[PDB]
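Tertiary structure, described
Residues per chain are reported as follows:
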Amino acid sequence: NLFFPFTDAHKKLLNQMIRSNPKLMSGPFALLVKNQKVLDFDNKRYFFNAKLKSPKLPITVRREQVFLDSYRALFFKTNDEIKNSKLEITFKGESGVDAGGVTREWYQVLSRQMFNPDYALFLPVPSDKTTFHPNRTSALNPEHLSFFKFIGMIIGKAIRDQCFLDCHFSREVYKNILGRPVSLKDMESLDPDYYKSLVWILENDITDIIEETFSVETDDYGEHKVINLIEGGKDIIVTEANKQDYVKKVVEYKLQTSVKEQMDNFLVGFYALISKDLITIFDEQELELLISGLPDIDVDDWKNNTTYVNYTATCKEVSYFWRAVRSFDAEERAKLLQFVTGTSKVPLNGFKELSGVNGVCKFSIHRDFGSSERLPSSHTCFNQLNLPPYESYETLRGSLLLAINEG
């Protein structure tokens with residue numbers, strides 16, 4: 001509870017001094033990666049763009065089909081020709097409308113065209129249908145492996161060109177870009193029913209109630225193919241000792257292994273323009289704010305479309321929460337969104353239509369009841385925040401920021 005008011009003020013002073021004299025860092029760039037858990041996102045964004053500076057490429061595309069045209073126009077350009085060139089985008093017809101602004105909207109329309117179901121590239125995420133995760137059955141488009149490599153190439157090029165993309169993904173996508181491992185809490189936003197299942201397995205005695213094998217059956221492409229999680233998992237019965245390993249092995253396959261090659265291609269196109277050992281300055285929450293951008297959220301429209309369960313409006317904890325939210329900066333407010341709703345994207349119609357797994361799930365603030373010595377938790381499917389009853393406002397603020405940044 002104590003040291004909470006200090007460690008936040010300490011972090012703000014360190015970053016402020018680095019803004020004043022960025023030469024104070026100097027040295028190897030890898031040291032910034034090693035001590036990222038204290039660096040400001042804007043300072044990270046600064047030193048990132050710094051090391052990123054160490055010709056002209058004419059492209060003409062039809063606005064109706066900017067995805068395939070850009071794909072075919074850059075299909076034979078090498079990585080060096082794409083990493084080191086100024087894209088001069090032209091539209092067949094509608095020519096001479098504007099200058100370099102065409103490139104900014106060239107990225108925007110290209111961002112929406114990626115998720116066209118006609119390509120079978122991405123499937124919508126259940127927590128927020130406006131966010132997408134890769135389609136495990138992307139083999140319907142037989143050239144999909146060249147598409148994910150093309151997509152990661154565009155995402156990385158937009159990062160180099162300081163252009164924001166209206167594309168937001170599930171959290172494990174950014175974690176794969178950074179090489180970070182997935183968690184069971186990632187399964188929440190992608191399949192809350194399976195999450196509730198796996199959580200029950202880890203919480204209850206499964207001696208005779210449930211039984212499984214270390215294998216997964218996928219009725220995919222008219223075949224009952226059974227894949228072994230571990231060697232011989234088709235026959236390894238799940239017990240109580242291997243219970244923790246089963247959930248971990250299951251989550252790994254259901255998330256990363258089931259889309260291993262599409263992600264590998266995606267990373268090949270991405271790492272070809274943004275090296276892994278300098279994109280890893282950012283965590284999975286900051287990486288979304290790099291590509292899409294920091295949102296400008298309306299705390300008023302947020303609190304006006306906020307419900308409270310086992311709490312009340314004008315409560316002591318609720319007063320602490322909003323006095324803390326309004327005391328957060330753009331980075332911490334964005335990560336508070338990402339903590340609860342799972343994304344950094346505010347709905348176009350406002351928080352009054354904040355979507356969830358079942359539909360319009362407005363922002364809920366539940367109550368933890370158990371031990372004020374826990375950090376706040378969240379469920380991205382229902383946009384609810386479990387907030388324990390904290391006595392002091394500063395204990396709430398530090399415990400929020402401790403869950404907001406970390407994870």
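Residues numbered from 1 in each chain as written, not as in the entry; some residues may be left out. Heavy atoms only, no water.

- In the nomenclature of the PDB entry, the protein chain corresponds to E3 ubiquitin-protein ligase TOM1 from the organism Saccharomyces cerevisiae.
- This entry carries the title "Saccharomyces cerevisiae Tom1 HECT domain".

Topic: the UniProt feature "active site" in the protein chain
- Under the present numbering, the feature "active site" in UniProt falls on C381.
- Look at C381 and you get buried, because its relative accessible area is 0%.
- Sequence-distant contacts of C381, defined by excluding residues within four places in its chain, comprise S127, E188, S189, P192, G356, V357 and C361. (UniProt positions renumbered as here; feature names shortened; annotations may be inferred. Buried < 20%, exposed > 50% of the residue type's maximum accessible area, 1.4 Å probe, protein only. Contact = heavy atoms within 4.5 Å.)

A closer look at the pattern of salt bridges
- For the coordinates displayed, the defined rule picks out 22 salt bridges.
- Here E94 makes a salt bridge to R63, at a shortest N to O gap of 2.6 Å. Note that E94 is positioned in the loop between β2 (86-91) and α6 (101-114) and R63 in the loop between β1 (56-61) and α4 (66-73), a separation of 31 residues in sequence.
- Take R63: its relative accessible area is 28%, and that puts it in the partly exposed class.
- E288 is paired through a salt bridge with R171; the nearest N and O atoms lie 2.7 Å apart. With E288 in helix α14 (residues 284-291) and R171 in helix α8 (residues 171-177), this residue pair connects regions lying 117 residues apart in the sequence. (Salt bridge = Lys/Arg side-chain N within 4 Å of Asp/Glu carboxyl O. Helix = DSSP H or I, 4+ residues; strand = E, 2+ residues; numbered from the N terminus.)

A few points about the pairing of strand β6 (residues 224-228)
- With five bridges connecting them, strand β5 (residues 215-219) and β6 associate as antiparallel partners. Considered in β6, the bridge of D219 is made with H224.
- Between β5 and β6, which pair antiparallel and follow one another directly, the connecting turn spans four residues, one of which, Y221, has a positive phi of 60°. (Pairing = 2+ DSSP bridges.)

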